[PDB]
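Asks: Test case, fold it:
(chains A and B)
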There are 2 protein chains.
Amino acid sequence: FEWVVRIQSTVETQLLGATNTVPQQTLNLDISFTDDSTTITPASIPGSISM
Amino acid sequence: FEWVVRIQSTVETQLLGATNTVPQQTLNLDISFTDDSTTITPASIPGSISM
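Replies: Numbers count the residues shown, from 1 in each chain, chains lettered A, B, ... in the order given. Pasting the structure now:
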């Protein structure tokens, strides 16, 4: 229960004046895609569910 | 009579528009630390030495 499609996305900074170059990071989004979970509850409030 | 502690210090220039990169220099200070020398003289002038 760990398989997850991922969506790579990176950031690179760039500027002159610094000693050496800055390594890039990887801001990636993940999706669980296997694990289960409940989502249905019996509680309610006025607008929670309408007929 | 040459041993000398040295104090490294460098300069790097950086700019875009030039053909190739500029190599850095090493502006370092040195201290003699071994050789001898006289420093005491008998001459004087008004404020040179006070009692």
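Asks: Now do the same contact list for the residue nearest in space to the middle of chain A.
Replies: Central residue of chain A (CA atoms, centre = their mean): residue A:29, 4.0 Å from the mean position. Taking CB atoms under 8 Å, 6 or more residues apart in numbering or on different chains, we find residue A:29 in contact with A:6, A:7, A:9. Yep, even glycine has a C-beta here, placed from its N, CA and C like the rest.
Asks: distance of it from residue B:9?
Replies: Residue A:29 sits 47 Å away from residue B:9, going by CB to CB, to the nearest Å.
Asks: before we move on, what about residue A:5?
Replies: 53 Å.
Asks: same check, this time on residue A:31
Replies: 53 Å.
Asks: Repeat that for residue A:43.
Replies: In this structure, residue A:43 and residue B:9 are 70 Å apart, going by CB to CB.
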